[PDB]
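Notes for the one structure printed next.
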Amino acid sequence: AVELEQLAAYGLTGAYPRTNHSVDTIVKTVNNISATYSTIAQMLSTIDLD
Amino acid sequence: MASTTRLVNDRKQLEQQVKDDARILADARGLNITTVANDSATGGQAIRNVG
């Protein structure tokens, strides 16, 4: 959700997203998320699943 | 067009001949091979399997 004036200002100035981080950091973060999901899944399957 | 127009080629042939006979007679003294070691490692980032 955005309001009209903010979107209009963004469009008029022709702004674009910009970043200086590298690719590997983001994929490392995604891998970390997947790892923390898989750890919980393994714990549940080895302890609670019944 | 006379014998004076054959001086540059004469110098070329003389230079080649001198270079050859300066090496036919030069002594053959072999050196001793040294500085041989395993120093060609390769770096890079690991894989680091997630799970």
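Taken in sequence, the protein lines are chains A and B. This note's numbering puts the first residue of the first sequence at -12, with every later residue one more than the last. This note's numbering puts the first residue of the second sequence at 281, with every later residue one more than the last. Every residue gets a Cβ at the ideal spot worked out from N, C-alpha and C, and that includes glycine.
Counting C-beta pairs with one atom in each stretch, the segment 295 to 313 of chain B and the segment -11 to 6 of chain A have fewer than three that are closer than 8 Å, which means they do not touch.
Residues of chain A with a Cβ closer than 7 Å to the Cβ of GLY331 (chain B) are, in chain order, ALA22, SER25. The C-alpha of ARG303 (chain B) lies about 11 Å from the C-alpha of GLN296 (chain B). CA-CA distance, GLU(-10) (chain A) to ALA(-4) (chain A), rounds to 10 Å.
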